[PDB]
């Protein structure tokens, strides 16, 4: 990150070792669940591109994931260079491989600031979303409430898979409205259909509390 | 949060990356148990509205929960604007979407301080209470001691569900006084009725120690 | 690590007690999984050779692991002294046993910096790679998808073992391309062969989602 | 104004009775009712003999749409009941379509009827698209035909329909066909899908 | 603008229903849709009940042809979707037809539909031409009629079609007709083959 000096100069504060260790734990233990994206967003708050590259050096242990992460970063950099044909930050400068750290500080501290950090964070989040989409164990259509599974657990699994699949907004709305009811077990599906169309998730959860 | 400079000026200290990661872990892993409210209160100590919005960007992954969190925030903001018809902080300013950070510092550092942070924290806690009330797996009437469940575990589950359901104070007192005894298994229910009315929880727990 | 003083002098900041405790937890609890190398890389960011020796004092509890870690460090130091026949840092100085801390600061703060810390980190990572290669439970050829194991879990186990075995790059590419398909169960192996040669891991994972 | 042809009326009644309510009824109605006035539309609806429950639902939906029109809009301007043709006369209905700028009362009523018929078709479909699934020995061509008929009777949005087309067709097939479809993999076209799945 | 006749619409639906997708449906469509606009062609396709697999394939081929037209050609000009009528409107279609020189969106869409229907017929050929074998007692008349119906359905290239007519016709005949055809020899026209093979 970037922190004011005692005299006010913005000097780069290196990302702490335990923050990197936490990111490593998320990458290794979590097996690219849908929750690695909120955790990445939390850990990389205010991180510069050099810090983001330091973090991706930990996910570099995985071959395919790092490969398509860098390919998505390259695609986004090409898009930026198309939109954007000290020096102005180029697409490769945002990646923190051709630019130097002092240039990163100058870009992040400008008036208004040049959000190179947030741009690179968004690109990396797109790559992580693709990786998460690969690693999901089951598609949304596979999820179905068990004979005795409570509706809370089934809804949690359904929304986890929905976050994993990353469908469009309208498709997601239709899925949450209809496919959730369709996949529910018959005992709860009866109450879900009794509630009728337009049933908010609050009503669906309260009505099915303890049915299983 | 807000921290004094070396020269004494109150400069905003950004919420640490690991604090945000801890909040993300609470949101994702805990599945909105009743304990996410104490954990939110601990993590957001002294947080400004911008920090609270940064934290809610992590719970934004959930659709319905974030939706009714923002709707409860809007209701509370409307209530504030009804009560309240640099500039005085408006309801939307408390939400940290129309106000700027420097205005937040000015409001929090006033003499006496304008507790915008605590007000927004209370609103967010109301929203989280509603979300927790949805996600409870069973109602209070469902809880019942098992054939061999120790009374300590049964009381812990009962009080967890009681925190989840968030009934009124008088209703909560009646429930803890009577419904706890009623739902207990017969072997412990005999001792509970033998103790008679007005039995404090200490006496009930000590009398039933090791009965199961 | 090394941190600027209030007056700008680079004074050594001792590695925090909790960072050492985290490294101890990684060494003891993880049983030298393949993930101890990313975790070591994260924890030892910017660490000087004295800090690295302090960290290896924790892995010194294990006899054989510490023995071959120090033997690999000695081999790399001999290689450095062959390449390299205040004073210039010698191979033993990089190990942080003959050099003093102030010399380490002088070497790390030079223009351009003398990356003694990163060199020693690379040597220690080579030693840890050897130790991990010993402690792997099964060879790559042993891994095989179960009758009902999802392809995601099987791929995760396969890539964990691949990281453990540390084969050459071409051998690793051939293994991931062919041995992964060969070891898969017949139901998924049919789809893997149907995809044909040159199937990227993304296509293989998406095609086999939910087959088990 | 020209009266609706008796041949056209007989064709409309015949297709309604024969098809009961299949998804083709909506384009058939749109084709037959080209430029028709509300009087002619009411004639076409009233002339239907059977399926009087469905005709009652169509009347109810027309009433709801008329109420919504009256809510939004509280010769003379036409109200909802005027658009429905219950109150408007034939001369009045010739009016409102020649003012230029007009208010196409006939097309506005046709829209309400089309919405009602979409509801009727969606209910009359035998099963939902998610419930549609290939049999153990069903031919894949027949299963595709049933699936796309149900999808036509679905009433979902266009993006949702595209997602259904891409995913559910592969997902719902029996394992013998599903293995072949998975081997073909994503991005394949329906022609390749059945030519591979011909067996 | 002239709306399409209910008689013509019902004739198209009836011929599709009764002939399934025999090769004559392509010329029947070309005849009935003469001068039709994109809206009229969309009605013509949508009104077809059953064979929704084939209608889906026609829609997919329409989308592919629209995409190719868009790459070839990247009031507003017509896109492929506009030509297909999904995005454009009847007023814009009439304007494109009326422009000097005109942009024949109707003929382009008809060509796309004809390509789709050709693919449909090629698939819906019930049996491959290699399996058309004369029975022990079947007339050569019925045998060659079946053979040429299948050959029209297959829609193979000219050279392979000529080879088929030269070789498979005599190869697949029953022994009684096979001997006569072999004695007659190669380099023969169909009228010669049939008039020699009578009885």
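Every number here is computed from the coordinates shown, using simple stated rules; none is lab data. We place every Cβ from the backbone using ideal geometry, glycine too, and count neighbours over all the protein chains shown.
In nm, to one decimal, how far is the residue B:13 label point from the residue B:179 one, both placed 7 Å along Cα→Cβ?
4.3 nm
Label-point separation (nm) for residue E:17 and residue C:190, each offset 7 Å from Cα along Cα-to-Cβ?
So the label points at residue E:17 and residue C:190 sit 4.1 nm apart.
Using the count of nearby Cβ atoms within 10 Å as a rough guide to exposure, how do D:22, E:33 rank from fewest to most?
Listing D:22, E:33 from fewest to most nearby Cβ atoms yields D:22, E:33.
Quick one: what Rg and Dmax do you get for the stretch C:1-136 from the alpha carbons, in Å?
Considering the stretch C:1-136 through its Cα atoms, Rg and Dmax are 15.0, 49 Å.
How far apart, in nanometres, would the label points at residue D:72 and residue D:3 be if each is projected 7 angstrom from Cα along the Cα-to-Cβ direction?
So the two model labels end up 3.5 nm from each other.
When ranked by the protection proxy of mean other Cβ atoms within 10 Å per residue, highest first, what sequence do the peptides D:91-100, E:146-155 form?
The packing order, highest mean first, is E:146-155, D:91-100.
How large is the convex hull of the Cα atoms of the stretch D:1-57 per residue, expressed in Å³ as a whole number?
Hull volume normalised by residue count: 78 Å³.
With 10 Å bins from zero, work out the P(r) of chain D over every alpha carbon pair and list the percent per bin.
8, 28, 25, 18, 13, 6, 1
Using a cut-off of under 18 Å, list every residue of the stretch D:34-53 whose amide N is near the label point 7 Å from the Cα of residue D:86 along the Cα-to-beta-carbon line.
D:38-47, D:53
If each DSSP helix of 4+ residues adds -39,500 (n - 2.57) and the sum is divided by the residues in the protein assembly as shown, what number results at 222 nm, nearest 500 deg cm²/dmol?
Computed mean residue ellipticity for the protein assembly as shown: -18500 deg cm²/dmol.
I need the Kirkwood Rh of the stretch D:68-135: take the reciprocal of the average 1/r across all distinct C-alpha pairs and report it in angstrom. Intermediate results must be reported in sequence, preceding the final value.
Working: mean 1/r = 0.0695 Å⁻¹.
It is 14.4 Å.
Please compute the Cα-Cα pair-distance distribution of the protein assembly as shown with 20 Å bins starting at 0, giving whole percents from short to long.
The distribution over the protein assembly as shown is 9, 28, 33, 21, 8, 1, given as percents.
For the stretch C:60-133, divide the Cα radius of gyration by the Kirkwood radius and give the resulting Rg/Rh value with two decimals.
Ratio of gyration radius to Kirkwood radius: 1.01.
List, largest first, the extents of the alpha carbons of the stretch D:108-150 along their principal axes, each in whole Å.
46, 16, 12
Hey, can you rank D:189-197, D:106-114, B:99-107 by average C-beta count inside 10 Å, highest first? Spell out each step's value before the answer.
Values: D:189-197: 15.7, D:106-114: 19.6, B:99-107: 17.2.
Order by mean packing, descending: D:106-114, B:99-107, D:189-197.
Cα gyration tensor of the stretch C:83-125, axes a ≥ b ≥ c as square roots of the eigenvalues: rounded (a/c below 1.5), prolate (a/b > b/c) or oblate?
In terms of gyration-tensor shape, rounded.
Based on the Cβ-Cβ distance of residue E:168 and residue A:133, what FRET efficiency does E = 1/(1 + (r/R0)^6) give at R0 = 51 Å, to the nearest 0.05?
0.50
Which of C:72, E:179 comes first, and how do the rest follow, when ranked by fewest Cβ neighbours within 10 Å?
E:179, C:72
Can you tell me the relative contact order of the stretch B:111-185? Whole percent, Cα pairs under 8 Å, sequence separation 6 or more.
Computed over the stretch B:111-185, the figure is 36 percent.
Under the √(5λ) rule applied to the eigenvalues of the Cα gyration tensor, what semi-axes describe the equivalent ellipsoid of the stretch A:77-179? Give them in Å, descending.
Output for the stretch A:77-179: semi-axes of 42, 13, 12 Å.
Which order do C:205, E:44 fall in if you start with the one that has the fewest other Cβ atoms within 10 Å?
Result, fewest neighbours first: C:205, E:44.
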